[PDB]
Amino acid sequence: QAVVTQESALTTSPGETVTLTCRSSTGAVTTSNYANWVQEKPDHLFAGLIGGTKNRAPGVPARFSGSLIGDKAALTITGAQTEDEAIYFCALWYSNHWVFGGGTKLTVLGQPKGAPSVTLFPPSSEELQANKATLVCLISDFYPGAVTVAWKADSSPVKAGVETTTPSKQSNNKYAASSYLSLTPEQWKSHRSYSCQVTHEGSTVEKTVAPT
């Protein structure tokens, strides 16, 4: 069996007490299961925090207390902070295997300013000669990572040839995203200008480039 289940997403505020669970399918999480707690930071920094269901690493503060609540495990964070916002995994020991949970995405309220700066690039002369056109709209240094992308060509809505990625955390714990507009070299030179519209929590940022 060996199915580990836990929460998928939680949220808290600095100063509050959090508690993450780790449920087992084959029965109760016993002390013989040696519950583990990892911390997924940006750039894939999976730092191990607690082992043996209570034993804590030497560089982890005392706010992380490992326990066994009810029929499962527990990760109590008494005095949550802004530096505790990450994905936390659980690992239960079964006599032969090492299985993992899905991960509990912990959200923390902080990071005062997340206003995005937008950069737009027209296609390259080498790309236009290669019978291709691709404009790049780069959104970076914003928080939270929930934005809506809109492209405009000559005051008309554009929704064709647009693929855009979900924002991911940067090295500075801010989010970044990229939007690309694939076209043909004829459509690029037939319009007056192209605009990429980015809106994030009321403020709207749109930049315009022209073929001159």
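Just count from 1 along the sequence shown to find any residue number.
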| Mean C-alpha B factor from the entry: is it higher for 7-15 or for 187-195? | 187-195
| Hey, which bit's got the bigger mean C-alpha B factor in the entry, 151-159 or 59-67? | 151-159
| field | Of the residues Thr82, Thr76, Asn96, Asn131, the one carrying the largest Cα B-factor as recorded | value | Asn131
| Lowest, middle or highest third: where is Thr204 by Cα B-factor in its chain? | highest
| said: Is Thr104 in the lowest, middle or highest third of its chain when residues are ranked by C-alpha B-factor? | reply: lowest
| query | If you rank the chain by CA B-factor, which third does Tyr175 end up in: lowest, middle or highest? | reply | middle
| said: Sorting by Cα B-factor within the chain, modelled residues only, which third would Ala28 end up in: lowest, middle or highest? | reply: middle
| message | Lowest, middle or highest third: which one holds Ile87 when the chain's residues are ordered by CA B-factor from the entry? | response | middle
